[PDB]
Each structure stands twice: as C-alpha cells, then as structure tokens.
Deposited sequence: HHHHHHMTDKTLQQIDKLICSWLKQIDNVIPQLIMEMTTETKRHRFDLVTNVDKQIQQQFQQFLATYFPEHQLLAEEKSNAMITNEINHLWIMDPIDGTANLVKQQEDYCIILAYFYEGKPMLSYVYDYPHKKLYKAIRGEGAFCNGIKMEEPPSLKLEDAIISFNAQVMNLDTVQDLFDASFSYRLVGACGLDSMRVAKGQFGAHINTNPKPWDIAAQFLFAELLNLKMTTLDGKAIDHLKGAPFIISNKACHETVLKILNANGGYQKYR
C-alpha cells in the first residue's frame, strides 16, 4: 500500500531527472578518482545530490549509501537507500550511451523497491515487493531456463587470468559486454544473457539487483555461492538458475579466476 506510494514519488523524481540530465551533459566536466580509468562527472555528483535532496525533503530519517560520498554508517538502519548515481561512467564519458542510475530501498535490511534507469533508452526497470518487476510498466516474467552452453555471458575479461576467461568462452554460447553492471544484470533478468559476473563490485553497483533476482527467480550470490551482504561489496554473479552452478564451478576451477601474472 505504502510501497506503491513511495514508488510513484520515485518514478516522479526520475521524470524530473530526464529534464535535468541534458543540462548536466551540456556543461559536462570529468575528473579521475583512484586512477585514469576511474571516472566521475558532474552528472554523477549532481544526480546524487539531488536524490539526497529528495530524501531530505520527503523522508529525512532515511539514510543514503551512495557512490560519490563518504559512507561511515551501520550494520542498524531501518530505512536505507543505496544509489549508484551513474553506473557506467566510463560509458557515459566515452560513448554517451550504456549507463544507468541504480537505486534500491531496504526496509529493516529487506529489499523493497529497486530501480535501474536506462536513461539513454528511456527504459525504467523497477521491482516492487508485493507487485513484481517491470520494464516501463509492462510486467517482466521469469526468463526461460538457460544452460550455460546456450547462453551469452558477460564479464570483465581484463580482471581474470586468461585460462579462466578461455574456460568461460568454451562453456558458453558466446560473450558480449555492455559495460554497466546495472545494464549487463538487466540483460540476465530479461533472459538475453545467462549470467553477468563482476569480481569486485561496490554495494551501489549491485543493490537494485537483489529484488529483481528474488522476484524473477534468478540466482544472485557471491562467487562462492553464498548470500551477499547488501551493505558490503563482494565478488558476485547474477545468473539464470540453469547456468549458475556451471559458471561458479568454472570460476572456481583450476586455481580460480584471479590473475597470477
């Protein structure tokens, strides 16, 4: 009853944002964080601060865990929003396409509302506990079963040793990459991909995905097959249920997926 009303507000703040992003891009500035491949723009900072604003205006006891700010906070919180203000910043800057806003609301640690907004295609994926998962308002259904050898898979090949990359190439139908965790994960949710791996995501990179995986019967675990703490990064996979185990075993086999060189 209440989720539906908070959802309307979120969907509304997301409508205002279509009208703000053009201006932000028009005046785009770009900085590096940890190294030259780690980008941040005023688009990331401003979407985030404006959400911060929204929360302060309508839910000021709700807390925010977000990418472009310090997050010294607890293990604990009743109302928690996790936000990736732009997921796919390299894609934003390099391509001005294939990036999204990721948002997720947790109530007493339980995911309740999730948003992955593909702003370049004006496609909003949302998940609402009690109602379902939607893409621009049409109900998404559990994808068909996909075994690994019938599935396209997606992952960052530069962060794994090449033997494991090759085992992954050999077991799956093919390999693609979108370059945004939220959008590669939505492909799994839609059934276009069998699995998306990210071996070092941050909580904002994967926060919306928990509710989508639950409502659509996906598997979403660490690369050791365990539950992921929504509050803390872990190496993670989101997968069709019929290829999940096969990917984990390949990832873990022959000394594991990490670089040795």
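Chain regions without C-alpha coordinates, deposited sequence numbering: Those stretches are 1-9, 85, listed in order.
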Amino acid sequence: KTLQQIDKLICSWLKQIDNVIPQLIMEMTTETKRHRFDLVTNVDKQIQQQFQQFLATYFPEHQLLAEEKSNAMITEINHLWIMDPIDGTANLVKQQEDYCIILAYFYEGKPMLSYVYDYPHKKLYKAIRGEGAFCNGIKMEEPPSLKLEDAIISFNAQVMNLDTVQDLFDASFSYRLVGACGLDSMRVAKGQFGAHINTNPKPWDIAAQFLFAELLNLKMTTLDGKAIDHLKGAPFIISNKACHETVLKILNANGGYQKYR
From here on, numbers count along this sequence of modelled residues.
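The term rigid core refers to the most C-alpha atoms you can superpose between the two forms while keeping them within 1.5 Å.
Larger mean CA deviation from the shown form in 4 other deposited structures of this protein [core fit; 65-73 vs 223-231]: Per-stretch check in 4 other deposited structures of this protein: the more divergent one is 65-73.
Mean temperature factor over C-alpha atoms, higher-scoring stretch between 195-203 and 29-37: Higher mean C-alpha B-factor in the PDB entry: 29-37.
Mean temperature factor over C-alpha atoms, higher-scoring stretch between 225-233 and 212-220: Stretch with the higher mean C-alpha B-factor: 225-233.
Of the residues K126, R187, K94, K122, the one carrying the largest Cα B-factor as recorded: So the option with the highest C-alpha B-factor is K122.
Candidate set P111, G88, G137, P85 [ranked by C-alpha B-factor, highest]: In this record, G137 carries the highest C-alpha B-factor of the candidates.
Ranked C-alpha temperature factor of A72 among modelled chain residues, by third: Its C-alpha B-factor, which the entry lists for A72, ranks in the highest third among residues of this chain.
Among modelled residues of the same chain, the CA temperature factor third for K147: For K147, the deposited C-alpha B-factor lands in the middle third.
Third of the chain, ranked by Cα B-factor, where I238 sits: Bottom third by C-alpha B-factor.
Among modelled residues of the same chain, the CA temperature factor third for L80: Its C-alpha B-factor belongs to the highest third of this chain's values.
Assigned third (lowest, middle, highest) for the C-alpha B factor of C181: Lowest third.
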